[PDB]
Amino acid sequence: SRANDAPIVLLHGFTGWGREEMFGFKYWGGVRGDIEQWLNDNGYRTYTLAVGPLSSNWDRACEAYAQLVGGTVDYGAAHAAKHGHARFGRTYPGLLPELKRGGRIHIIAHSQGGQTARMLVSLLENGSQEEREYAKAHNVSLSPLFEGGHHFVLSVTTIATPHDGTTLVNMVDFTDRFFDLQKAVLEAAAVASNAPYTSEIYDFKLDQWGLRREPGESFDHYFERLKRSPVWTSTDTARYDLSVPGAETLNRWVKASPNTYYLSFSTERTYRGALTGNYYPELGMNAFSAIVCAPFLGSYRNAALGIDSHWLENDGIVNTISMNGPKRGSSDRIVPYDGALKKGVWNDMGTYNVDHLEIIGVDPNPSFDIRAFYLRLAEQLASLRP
């Protein structure tokens, strides 16, 4: 039975868009339907966040915060000075004013969304010593996000998240293939990358970098510009955080809060080869991953990064070993789900035979009951003792 009434908040990874974007084709549900709607229809109040898909987890966390409580995104004076982009971003009305009145939320996060959710909790609870000290040094104002003390988040659930990074970023032509992946997802949503679209469709929300697709500019042409831009070449990027070294850097400061439940779901869609330790894409994996990404993930090793035979099982995008929780440079703990969910520790909820895009319904999989998956999850989150 239900032990809390906290609303659920959905949070995408390095692709993702708002419910009004992509002509209403939902990131959360894809070709299968509308997950937020399934949850709301079953009495589990649910919202969707949309943040910069290519931006750093820091930027995304500041965006999520302003998107949740309202106001103008503030990336911090220290951060903005360090990386050379605007301090202030777009303005939001505020999804959940109940939060500033003492409410809480469950965050369900897919892929890189799981890093963002963790970082948001870390900032909400502890703030940033670097931002606090900078503000005191320069006597500039400070966003409450950097002060600490917020109890907004009852739980965080990560699904197929690269807590320890993905070796996908180490591919020789990663840059071109990463943006081909963006185009494959567009295509899955019946949007072409070579059309000179004049209206919005997919906002990458790069306000801070002053970057935006021009009207009549195709996503092909736009992505070529993004490739050469600071959101691809700087350390303040999704690209860096997604890497094994970048993920560990994140892990060294983004820790589990003892006041928060953490759930993780892992994914695999591979088989192990015969005379090799390599892993290979299963029948049914989304075609782009099976052809472009999975062979590399299931065979790439790297001694300096500690990428060995345990890293080869994957879901087409992320190595499965990375998903149960942060471990590289992390003080967080992970325990197998044993029927009772515990605060302040990663509860490994199991591994599912579902690839990176199938789990959100963006690629079909008739044998996967995606409705039941998310309904069972919502039920578990509602049972959490406040």
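One-based numbering along the sequence shown.
Per the PDB record, of the two stretches 45 to 53 and 333 to 341, 333 to 341 carries the greater mean B-factor over its C-alpha atoms. Higher mean CA temperature factor, per the PDB entry, when comparing 104 to 112 with 172 to 180: 172 to 180. In this entry, the residue among 313, 236, 203, 164 with the greatest C-alpha B factor is 203. Per the deposited record, 190 carries the highest C-alpha B-factor of all listed residues (297, 263, 190, 254). In the deposited entry, the Cα temperature factor of residue 13 places it in the lowest third of its chain's modelled residues.
Residue-level temperature factors show residue 70 in the lowest third of its chain, judged at the C-alpha atom. Sort the chain's modelled residues by C-alpha temperature factor and residue 225 lands in the highest third, per the entry. Annotation for residue 319: C-alpha temperature factor in the lowest third relative to the rest of the modelled chain, per the entry. Split the chain's modelled residues into thirds by C-alpha temperature factor. Residue 326 is in the lowest one.
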